[PDB]
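query-v9.txt follows (compact mmCIF, N, CA and C atoms and all ligand atoms):
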# COMPACT_ATOMS: atom_id res chain seq x y z
N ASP E 54 17.03 -20.40 68.11
CA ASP E 54 16.70 -20.26 66.69
C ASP E 54 15.37 -19.54 66.58
N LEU E 55 15.10 -18.59 67.45
CA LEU E 55 13.79 -17.95 67.40
C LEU E 55 13.61 -17.14 66.13
N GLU E 56 14.63 -16.40 65.73
CA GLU E 56 14.36 -15.23 64.91
C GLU E 56 13.50 -15.66 63.78
N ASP E 57 13.90 -16.73 63.10
CA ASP E 57 13.76 -16.71 61.66
C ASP E 57 12.32 -16.45 61.29
N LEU E 58 12.08 -15.62 60.28
CA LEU E 58 10.77 -15.04 60.17
C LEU E 58 9.88 -16.22 59.89
N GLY E 59 9.65 -17.03 60.93
CA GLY E 59 9.51 -18.49 60.76
C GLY E 59 8.57 -18.82 59.61
N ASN E 60 9.17 -19.46 58.60
CA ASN E 60 8.66 -19.42 57.24
C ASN E 60 8.06 -18.26 56.47
N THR E 61 8.90 -17.33 56.04
CA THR E 61 8.73 -15.93 56.30
C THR E 61 8.45 -15.46 54.85
N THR E 62 7.40 -16.19 54.47
CA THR E 62 6.13 -15.77 55.09
C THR E 62 4.97 -15.85 54.15
N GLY E 63 4.88 -17.13 53.67
CA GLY E 63 5.61 -17.51 52.45
C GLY E 63 5.45 -16.56 51.24
N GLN E 64 4.22 -16.02 51.18
CA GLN E 64 3.16 -16.28 50.12
C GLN E 64 2.22 -17.53 50.23
N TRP E 65 1.89 -18.18 49.13
CA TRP E 65 1.28 -19.50 49.25
C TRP E 65 1.94 -20.50 48.30
N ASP E 66 3.25 -20.85 48.84
CA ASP E 66 4.17 -19.69 48.88
C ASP E 66 4.81 -19.58 47.54
N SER E 67 4.97 -18.32 47.10
CA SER E 67 5.72 -18.15 45.89
C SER E 67 5.09 -19.22 45.02
N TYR E 68 3.76 -19.29 45.06
CA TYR E 68 2.97 -19.32 43.87
C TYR E 68 1.76 -18.48 43.56
N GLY E 69 1.98 -17.20 43.27
CA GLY E 69 1.71 -16.78 41.82
C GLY E 69 0.60 -17.59 41.17
N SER E 70 0.96 -18.48 40.22
CA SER E 70 0.32 -18.57 38.87
C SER E 70 -1.16 -18.58 39.00
N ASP E 71 -1.63 -19.37 39.94
CA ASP E 71 -2.92 -20.03 39.88
C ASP E 71 -4.19 -19.14 39.86
N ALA E 72 -4.13 -17.89 40.42
CA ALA E 72 -5.03 -16.81 39.86
C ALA E 72 -4.58 -15.30 39.92
N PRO E 73 -3.54 -14.88 39.16
CA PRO E 73 -3.04 -13.49 39.20
C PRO E 73 -3.89 -12.33 38.64
N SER E 74 -4.75 -12.56 37.64
CA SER E 74 -5.70 -11.52 37.21
C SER E 74 -7.09 -12.04 36.79
N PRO E 75 -8.16 -11.30 37.10
CA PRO E 75 -9.33 -11.54 36.28
C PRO E 75 -8.92 -11.17 34.86
N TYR E 76 -9.38 -11.92 33.87
CA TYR E 76 -8.87 -11.74 32.52
C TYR E 76 -9.07 -10.45 31.66
N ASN E 77 -10.32 -10.07 31.35
CA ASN E 77 -10.53 -9.06 30.27
C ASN E 77 -11.66 -8.05 30.46
N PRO E 78 -11.52 -6.87 29.85
CA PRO E 78 -12.49 -5.79 29.91
C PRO E 78 -13.75 -6.38 29.44
N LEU E 79 -14.90 -5.89 29.85
CA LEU E 79 -16.01 -6.76 29.69
C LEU E 79 -15.94 -7.02 28.21
N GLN E 80 -15.65 -6.04 27.36
CA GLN E 80 -16.55 -5.91 26.18
C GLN E 80 -16.71 -7.31 25.67
N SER E 81 -17.98 -7.79 25.74
CA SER E 81 -18.35 -9.06 25.17
C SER E 81 -19.02 -8.52 23.93
N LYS E 82 -18.55 -8.88 22.75
CA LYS E 82 -19.45 -8.99 21.64
C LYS E 82 -20.19 -7.68 21.69
N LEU E 83 -19.46 -6.63 22.01
CA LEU E 83 -19.86 -5.28 21.71
C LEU E 83 -19.59 -4.97 20.23
N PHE E 84 -18.72 -5.83 19.68
CA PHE E 84 -18.44 -5.95 18.23
C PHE E 84 -19.10 -6.97 17.28
N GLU E 85 -19.81 -7.93 17.85
CA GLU E 85 -19.55 -9.36 17.57
C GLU E 85 -19.42 -9.60 16.09
N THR E 86 -20.48 -9.26 15.40
CA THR E 86 -20.39 -9.15 13.98
C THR E 86 -19.50 -7.96 13.77
N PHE E 87 -19.58 -7.05 14.73
CA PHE E 87 -20.51 -5.95 14.48
C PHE E 87 -20.15 -5.65 13.09
N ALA E 88 -18.90 -5.34 12.80
CA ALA E 88 -18.63 -5.27 11.39
C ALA E 88 -18.10 -6.58 10.86
N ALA E 89 -18.93 -7.12 9.98
CA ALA E 89 -18.80 -8.43 9.38
C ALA E 89 -17.67 -8.61 8.38
N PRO E 90 -17.42 -7.64 7.52
CA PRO E 90 -16.74 -7.98 6.25
C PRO E 90 -15.46 -8.81 6.40
N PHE E 91 -14.71 -8.64 7.51
CA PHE E 91 -13.71 -9.65 8.03
C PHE E 91 -14.21 -10.73 9.01
N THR E 92 -15.31 -10.38 9.65
CA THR E 92 -16.23 -11.27 10.40
C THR E 92 -17.10 -12.24 9.51
N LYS E 93 -17.40 -11.90 8.25
CA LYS E 93 -17.99 -12.88 7.33
C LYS E 93 -17.03 -13.94 6.73
N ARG E 94 -15.75 -13.60 6.51
CA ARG E 94 -15.20 -13.63 5.15
C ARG E 94 -15.51 -14.83 4.23
N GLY E 95 -15.36 -16.08 4.65
CA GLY E 95 -15.21 -17.21 3.61
C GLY E 95 -16.25 -16.76 2.54
N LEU E 96 -15.82 -17.11 1.23
CA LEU E 96 -14.53 -16.48 0.89
C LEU E 96 -14.53 -15.02 0.46
N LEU E 97 -13.60 -14.27 1.05
CA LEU E 97 -13.12 -13.03 0.48
C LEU E 97 -11.65 -12.86 0.73
N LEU E 98 -10.98 -12.09 -0.13
CA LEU E 98 -10.30 -10.82 0.30
C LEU E 98 -9.86 -9.91 -0.84
N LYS E 99 -9.95 -10.42 -2.04
CA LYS E 99 -9.69 -9.73 -3.31
C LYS E 99 -10.89 -8.80 -3.30
N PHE E 100 -11.92 -8.80 -4.12
CA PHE E 100 -13.04 -8.01 -3.62
C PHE E 100 -12.45 -6.80 -2.85
N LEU E 101 -12.22 -6.96 -1.55
CA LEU E 101 -11.80 -5.81 -0.78
C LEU E 101 -10.59 -5.22 -1.41
N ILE E 102 -9.61 -6.02 -1.84
CA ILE E 102 -8.33 -5.45 -2.28
C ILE E 102 -8.49 -4.53 -3.46
N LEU E 103 -9.26 -4.94 -4.45
CA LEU E 103 -9.62 -4.00 -5.49
C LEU E 103 -10.43 -2.82 -4.99
N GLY E 104 -11.40 -3.02 -4.11
CA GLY E 104 -12.05 -1.82 -3.57
C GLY E 104 -11.19 -0.85 -2.78
N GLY E 105 -10.58 -1.31 -1.70
CA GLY E 105 -9.90 -0.30 -0.89
C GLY E 105 -8.97 0.40 -1.82
N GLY E 106 -8.17 -0.39 -2.49
CA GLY E 106 -7.06 0.11 -3.27
C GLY E 106 -7.48 0.84 -4.51
N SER E 107 -8.66 0.51 -5.01
CA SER E 107 -9.21 1.34 -6.03
C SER E 107 -9.61 2.72 -5.56
N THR E 108 -10.26 2.89 -4.42
CA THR E 108 -10.38 4.28 -4.04
C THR E 108 -9.06 4.80 -3.73
N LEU E 109 -8.31 4.12 -2.87
CA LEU E 109 -7.23 4.91 -2.35
C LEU E 109 -6.58 5.45 -3.61
N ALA E 110 -6.23 4.57 -4.52
CA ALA E 110 -5.51 5.08 -5.67
C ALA E 110 -6.29 6.04 -6.61
N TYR E 111 -7.57 5.75 -6.84
CA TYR E 111 -8.39 6.51 -7.74
C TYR E 111 -8.56 7.94 -7.30
N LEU E 112 -8.95 8.15 -6.06
CA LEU E 112 -9.15 9.56 -5.81
C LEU E 112 -7.86 10.09 -5.33
N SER E 113 -7.05 9.16 -4.86
CA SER E 113 -5.74 9.47 -4.33
C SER E 113 -5.01 10.30 -5.35
N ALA E 114 -5.15 9.91 -6.63
CA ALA E 114 -5.02 10.87 -7.71
C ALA E 114 -6.22 10.83 -8.62
N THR E 115 -6.98 11.91 -8.69
CA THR E 115 -7.15 12.68 -9.95
C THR E 115 -7.74 14.04 -9.54
N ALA E 116 -7.16 15.18 -9.93
CA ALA E 116 -7.93 16.43 -9.78
C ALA E 116 -7.86 17.18 -8.43
N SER E 117 -9.18 17.52 -7.95
CA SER E 117 -9.91 18.61 -8.74
C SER E 117 -9.22 19.68 -9.67
N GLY E 118 -8.36 20.51 -9.09
CA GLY E 118 -7.75 21.69 -9.73
C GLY E 118 -6.26 21.78 -10.10
N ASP E 119 -5.57 20.63 -10.27
CA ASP E 119 -4.16 20.50 -9.79
C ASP E 119 -3.96 20.73 -8.28
N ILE E 120 -3.34 21.84 -7.82
CA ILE E 120 -2.48 21.92 -6.63
C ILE E 120 -1.11 21.39 -6.71
N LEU E 121 -0.59 21.54 -7.92
CA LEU E 121 0.16 20.54 -8.72
C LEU E 121 1.30 19.99 -7.90
N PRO E 122 1.97 18.96 -8.44
CA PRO E 122 3.31 18.72 -7.95
C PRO E 122 3.82 20.04 -7.41
N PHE B 51 8.84 -17.43 -29.39
CA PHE B 51 7.70 -16.96 -30.15
C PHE B 51 7.01 -16.05 -29.13
N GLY B 52 7.25 -16.35 -27.86
CA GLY B 52 6.99 -15.41 -26.79
C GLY B 52 8.03 -14.32 -27.01
N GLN B 53 9.05 -14.65 -27.80
CA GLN B 53 9.83 -13.59 -28.42
C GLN B 53 9.24 -13.12 -29.77
N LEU B 54 9.94 -12.19 -30.43
CA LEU B 54 9.32 -11.34 -31.45
C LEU B 54 8.17 -10.59 -30.81
N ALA B 55 7.42 -11.30 -29.96
CA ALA B 55 6.18 -10.86 -29.34
C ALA B 55 6.33 -9.65 -28.44
N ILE B 56 7.38 -9.70 -27.62
CA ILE B 56 7.68 -8.66 -26.63
C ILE B 56 8.45 -7.53 -27.28
N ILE B 57 9.02 -7.79 -28.45
CA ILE B 57 9.77 -6.77 -29.22
C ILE B 57 8.82 -5.79 -29.92
N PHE B 58 7.55 -6.19 -30.07
CA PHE B 58 6.55 -5.34 -30.72
C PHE B 58 5.67 -4.53 -29.74
N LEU B 59 5.54 -5.00 -28.49
CA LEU B 59 4.91 -4.23 -27.40
C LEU B 59 5.85 -3.16 -26.90
N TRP B 60 7.10 -3.29 -27.32
CA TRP B 60 8.14 -2.32 -27.06
C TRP B 60 8.00 -1.27 -28.16
N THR B 61 8.12 -1.73 -29.41
CA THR B 61 8.07 -0.88 -30.60
C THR B 61 6.77 -0.07 -30.76
N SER B 62 5.64 -0.73 -30.49
CA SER B 62 4.33 -0.06 -30.50
C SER B 62 4.33 1.23 -29.68
N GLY B 63 4.71 1.08 -28.40
CA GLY B 63 4.74 2.18 -27.43
C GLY B 63 5.83 3.20 -27.73
N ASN B 64 6.87 2.74 -28.43
CA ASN B 64 7.90 3.62 -28.90
C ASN B 64 7.27 4.60 -29.88
N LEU B 65 6.41 4.08 -30.75
CA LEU B 65 5.68 4.96 -31.67
C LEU B 65 4.40 5.60 -31.06
N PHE B 66 4.00 5.15 -29.88
CA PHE B 66 2.79 5.66 -29.25
C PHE B 66 2.97 6.54 -28.02
N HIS B 67 4.19 6.70 -27.53
CA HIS B 67 4.46 7.83 -26.66
C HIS B 67 5.00 8.98 -27.47
N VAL B 68 4.74 8.82 -28.75
CA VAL B 68 4.83 9.86 -29.77
C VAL B 68 3.52 10.02 -30.58
N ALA B 69 3.15 11.28 -30.78
CA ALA B 69 2.07 11.81 -31.68
C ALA B 69 0.67 12.24 -31.22
N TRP B 70 0.28 12.00 -29.97
CA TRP B 70 -0.39 13.10 -29.24
C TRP B 70 0.57 14.16 -28.66
N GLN B 71 1.72 13.74 -28.14
CA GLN B 71 2.66 14.69 -27.60
C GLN B 71 4.12 14.43 -27.94
N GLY B 72 4.88 15.49 -27.97
CA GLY B 72 6.33 15.38 -28.09
C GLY B 72 6.35 15.40 -29.59
N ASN B 73 7.07 16.34 -30.16
CA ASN B 73 6.89 16.66 -31.56
C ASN B 73 7.37 15.59 -32.50
N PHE B 74 6.52 15.32 -33.51
CA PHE B 74 6.91 15.79 -34.86
C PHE B 74 6.43 17.14 -35.29
N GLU B 75 5.14 17.41 -35.33
CA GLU B 75 4.75 18.49 -36.25
C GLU B 75 5.44 19.82 -35.93
N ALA B 76 6.26 19.84 -34.89
CA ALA B 76 7.36 20.82 -34.79
C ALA B 76 8.79 20.37 -35.20
N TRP B 77 9.18 19.15 -34.92
CA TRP B 77 10.50 18.66 -35.32
C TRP B 77 10.73 18.49 -36.83
N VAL B 78 9.68 18.18 -37.61
CA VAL B 78 9.79 18.17 -39.08
C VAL B 78 9.80 19.57 -39.60
N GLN B 79 9.06 20.46 -39.00
CA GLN B 79 8.90 21.79 -39.51
C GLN B 79 10.31 22.31 -39.72
N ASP B 80 11.18 21.93 -38.81
CA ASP B 80 12.61 21.94 -39.13
C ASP B 80 13.57 22.05 -37.92
N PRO B 81 14.37 20.99 -37.81
CA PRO B 81 14.71 20.54 -36.49
C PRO B 81 16.16 20.81 -36.14
N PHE B 82 16.38 21.71 -35.18
CA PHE B 82 17.65 22.35 -34.96
C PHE B 82 18.03 21.80 -33.60
N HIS B 83 19.28 21.39 -33.33
CA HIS B 83 19.61 20.78 -31.99
C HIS B 83 19.00 21.36 -30.70
N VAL B 84 17.69 21.48 -30.65
CA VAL B 84 17.01 21.54 -29.38
C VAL B 84 15.97 20.37 -29.28
N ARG B 85 16.34 19.34 -28.50
CA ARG B 85 15.46 18.73 -27.48
C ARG B 85 14.08 18.21 -27.89
N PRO B 86 13.98 17.46 -28.97
CA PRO B 86 12.79 16.66 -29.34
C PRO B 86 12.47 15.45 -28.46
N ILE B 87 11.17 15.16 -28.18
CA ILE B 87 10.68 14.43 -26.98
C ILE B 87 10.26 12.99 -27.21
N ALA B 88 10.68 12.04 -26.35
CA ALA B 88 9.93 10.77 -26.23
C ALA B 88 8.59 10.81 -25.56
N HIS B 89 8.60 11.27 -24.31
CA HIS B 89 7.47 10.88 -23.43
C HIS B 89 7.23 11.88 -22.34
N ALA B 90 6.19 11.76 -21.54
CA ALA B 90 6.01 12.73 -20.49
C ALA B 90 6.26 12.10 -19.16
N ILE B 91 7.17 12.69 -18.40
CA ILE B 91 7.40 12.25 -17.06
C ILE B 91 6.25 12.68 -16.20
N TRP B 92 5.83 11.78 -15.31
CA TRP B 92 4.80 12.00 -14.30
C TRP B 92 5.18 11.46 -12.93
N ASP B 93 5.98 12.17 -12.13
CA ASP B 93 6.16 11.75 -10.73
C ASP B 93 5.81 12.72 -9.57
N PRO B 94 4.89 12.28 -8.66
CA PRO B 94 4.25 13.00 -7.55
C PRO B 94 5.25 13.63 -6.61
N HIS B 95 6.47 13.08 -6.62
CA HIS B 95 7.62 13.51 -5.84
C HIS B 95 8.12 14.86 -6.35
N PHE B 96 7.85 15.18 -7.60
CA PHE B 96 8.45 16.36 -8.22
C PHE B 96 8.11 17.65 -7.45
N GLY B 97 9.00 18.62 -7.51
CA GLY B 97 8.78 19.98 -7.01
C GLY B 97 8.16 20.83 -8.08
N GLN B 98 7.95 22.12 -7.87
CA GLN B 98 7.60 22.92 -9.05
C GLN B 98 8.76 23.07 -10.01
N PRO B 99 9.91 23.40 -9.41
CA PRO B 99 11.24 23.61 -9.98
C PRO B 99 11.32 22.55 -11.12
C1 LIG E 201 13.58 8.10 -4.74
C2 LIG E 201 12.53 8.40 -5.39
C3 LIG E 201 11.53 8.95 -6.08
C4 LIG E 201 10.52 8.07 -6.41
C5 LIG E 201 9.71 7.14 -5.55
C6 LIG E 201 10.35 8.25 -7.75
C7 LIG E 201 9.34 7.52 -8.52
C8 LIG E 201 9.11 7.64 -9.82
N1 LIG E 201 9.75 8.43 -10.71
MG1 LIG E 201 11.26 9.69 -10.27
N2 LIG E 201 12.82 10.99 -9.82
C9 LIG E 201 13.38 11.20 -8.60
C10 LIG E 201 13.05 10.58 -7.27
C11 LIG E 201 11.94 9.57 -7.27
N3 LIG E 201 11.17 9.13 -8.30
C12 LIG E 201 14.40 12.13 -8.68
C13 LIG E 201 15.27 12.60 -7.55
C14 LIG E 201 14.48 12.52 -9.99
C15 LIG E 201 15.44 13.52 -10.58
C16 LIG E 201 14.75 14.87 -10.64
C17 LIG E 201 13.50 11.81 -10.69
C18 LIG E 201 13.35 12.04 -12.18
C19 LIG E 201 12.29 11.21 -12.81
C20 LIG E 201 11.95 11.24 -14.19
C21 LIG E 201 12.47 12.00 -15.38
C22 LIG E 201 10.92 10.33 -14.33
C23 LIG E 201 10.68 9.83 -13.11
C24 LIG E 201 9.69 8.93 -13.10
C25 LIG E 201 9.24 8.22 -11.87
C26 LIG E 201 8.11 7.20 -11.86
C27 LIG E 201 8.30 5.95 -12.75
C28 LIG E 201 6.98 5.56 -13.45
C29 LIG E 201 6.72 4.07 -13.63
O1 LIG E 201 6.68 3.52 -14.72
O2 LIG E 201 6.46 3.24 -12.48
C30 LIG E 201 7.55 2.78 -11.66
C31 LIG E 201 8.41 1.87 -12.50
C32 LIG E 201 7.91 0.83 -13.20
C33 LIG E 201 6.43 0.53 -13.19
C34 LIG E 201 8.86 -0.03 -14.02
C35 LIG E 201 10.33 0.29 -13.69
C36 LIG E 201 11.18 -0.96 -13.93
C37 LIG E 201 11.97 -1.43 -12.70
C38 LIG E 201 11.14 -1.29 -11.40
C39 LIG E 201 12.49 -2.87 -12.97
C40 LIG E 201 11.83 -4.00 -12.16
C41 LIG E 201 10.84 -4.81 -13.01
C42 LIG E 201 11.24 -6.29 -13.08
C43 LIG E 201 12.31 -6.53 -14.17
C44 LIG E 201 9.99 -7.18 -13.27
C45 LIG E 201 9.67 -7.98 -11.99
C46 LIG E 201 9.43 -7.06 -10.79
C47 LIG E 201 8.04 -7.13 -10.12
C48 LIG E 201 8.03 -6.25 -8.86
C49 LIG E 201 6.88 -6.77 -11.08
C50 LIG E 201 8.04 6.78 -10.41
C51 LIG E 201 6.67 6.97 -9.76
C52 LIG E 201 9.27 8.83 -14.54
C53 LIG E 201 7.82 8.65 -14.86
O3 LIG E 201 6.94 9.19 -14.21
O4 LIG E 201 7.51 7.72 -15.93
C54 LIG E 201 6.19 7.62 -16.45
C55 LIG E 201 10.09 9.84 -15.33
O5 LIG E 201 10.87 9.18 -16.11
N4 LIG E 201 11.49 10.34 -12.17
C1 LIG E 202 -8.38 -25.65 43.22
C2 LIG E 202 -9.03 -24.40 42.66
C3 LIG E 202 -8.86 -23.20 43.59
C4 LIG E 202 -9.50 -23.42 44.97
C5 LIG E 202 -10.58 -24.50 44.99
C6 LIG E 202 -11.67 -24.38 43.93
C7 LIG E 202 -11.75 -23.02 43.21
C8 LIG E 202 -12.42 -23.17 41.83
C9 LIG E 202 -13.75 -23.94 41.86
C10 LIG E 202 -14.76 -23.41 42.88
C11 LIG E 202 -15.54 -22.18 42.37
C12 LIG E 202 -15.35 -20.96 43.28
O1 LIG E 202 -16.51 -20.77 44.11
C13 LIG E 202 -17.55 -19.96 43.54
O2 LIG E 202 -17.52 -20.15 42.13
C14 LIG E 202 -18.26 -19.15 41.46
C15 LIG E 202 -17.48 -17.83 41.54
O3 LIG E 202 -17.36 -17.26 40.23
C16 LIG E 202 -19.66 -18.93 42.05
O4 LIG E 202 -20.59 -18.83 40.98
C17 LIG E 202 -20.10 -17.59 40.41
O5 LIG E 202 -20.65 -17.10 39.14
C18 LIG E 202 -20.25 -15.73 38.78
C19 LIG E 202 -19.73 -15.63 37.33
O6 LIG E 202 -19.47 -14.24 37.02
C20 LIG E 202 -19.18 -15.17 39.72
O7 LIG E 202 -18.73 -13.86 39.37
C21 LIG E 202 -19.78 -15.12 41.11
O8 LIG E 202 -18.77 -14.51 41.93
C22 LIG E 202 -20.08 -16.56 41.56
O9 LIG E 202 -21.28 -16.70 42.34
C23 LIG E 202 -20.10 -19.78 43.22
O10 LIG E 202 -20.76 -18.83 44.06
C24 LIG E 202 -18.93 -20.42 44.00
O11 LIG E 202 -18.99 -21.86 43.89

How does this structure look as structure tokens?
Amino acid sequence: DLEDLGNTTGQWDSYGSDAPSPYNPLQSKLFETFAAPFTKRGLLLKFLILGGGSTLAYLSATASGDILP
Amino acid sequence: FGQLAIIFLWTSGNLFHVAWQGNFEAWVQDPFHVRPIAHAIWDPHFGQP
């Protein structure tokens, strides 16, 4: 019974789980606040909703010269 | 009473998408089967055509 790749071989063995990757790209808190307005919020989100959507829509249409439909 | 109520926000605008635009002061002048106007269409999807 020589051949068998005597316990062949194992791994440790066929476990995997216990450290397969270092976790994450450094970036620590290269953001942290950095931009707050969703990093602040309690309470917001209307505020923003009228703002974003007010520009998008406001300049989204009006003017300068037509370019018309 | 929330009725009658909504029948007048209908009627108001019926008379108010008339008289800055879409004739009378041409349709009274004397009105021959061409195409007197309610309102102005405004859709961004439109072509020039
Ligand atoms: C497939 C789409 C495409 C799209 C996106 C549109 C979009 C539009 N067309 Mg339009 N159109 C198209 C193809 C299209 N068209 C084509 C192929 C033609 C033939 C050439 C036309 C011919 C045409 C004409 C003649 C007109 C438009 C108009 C319009 C606008 C309606 C204005 C309005 O009051 O707000 C959108 C609609 C409302 C705010 C209310 C509509 C009521 C529906 C939605 C009932 C649901 C309400 C419900 C009962 C209440 C609870 C619902 C809740 C969500 C609030 C709208 C932006 C009109 C316009 O600009 O009017 C000022 C004008 O009448 N179109
Ligand atoms: C049962 C768990 C697996 C096998 C037995 C125990 C393993 C887990 C506990 C022991 C810790 C591993 O041993 C090692 O831990 C740390 C490695 O990060 C080290 O302290 C560490 O701090 C740094 C944090 O960035 C590491 O990057 C350095 O590599 C390391 O020096 C110690 O030098 C050492 O004690």

Give me, as CSV, each residue of chain B that comes within 7 Å of ligand LIG 201 (chain E), together with its shortest interatomic pair and the distance in Å at one decimal, counting only N, CA and C atoms and all ligand atoms, with rows ordered by chain and rising residue number.
residue,atom,partner,partner_atom,distance
B:90,C,E:LIG201,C54,5.2
B:91,CA,E:LIG201,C55,4.0
B:92,N,E:LIG201,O3,3.0
B:93,N,E:LIG201,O3,3.8
B:94,N,E:LIG201,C51,5.7
B:95,CA,E:LIG201,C3,6.0
B:96,N,E:LIG201,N2,6.9

Do you have the atom C of residue 63 of chain B-atom N of residue 88 of chain B distance handy?
10.2 Å

Would you mind listing the residues within 12 Å of ligand LIG 202 (chain E), counting only C-alpha atoms and all ligand atoms, as a count of residues only?
6

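Relative to atom C of residue 73 of chain E, atom C of residue 61 of chain E is found at 20.6 Å.
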
Can you list, as a list in words, all residues belonging to chain B that DSSP tags as helix (DSSP H, G or I)?
residues 55, 56, 57, 58, 59, 60, 61, 62, 63, 64, 65 and 66 of chain B

Select, from E:121, E:102, E:88, E:110, the residue with the minimum atom-to-atom distance to chain B, counting only N, CA and C atoms.
E:121

Which distance in Å separates atom CA of residue 77 of chain E and atom CA of residue 91 of chain E, to one decimal?
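Atom CA of residue 91 of chain E lies at a distance of 22.5 Å from atom CA of residue 77 of chain E.
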
Using only C-alpha atoms, find the residues of chain E whose closest atom to chain B is at most 12 Å away, then write them as JSON, numbers by chain.
{"E": [113, 114, 115, 119, 120, 121, 122]}

Choose the residue, out of B:52, B:84, B:78, B:89, that has the smallest atom-to-atom separation from residue 66 of chain B; count only C-alpha atoms.
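The answer is B:89, which sits nearest to residue 66 of chain B.
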
Excluding residue 87 of chain B and residues on its chain fewer than 2 positions from it, collect all residues at most 6 Å away from it, counting only N, CA and C atoms, and give them as a list in words.
residues 72, 73, 85 and 89 of chain B
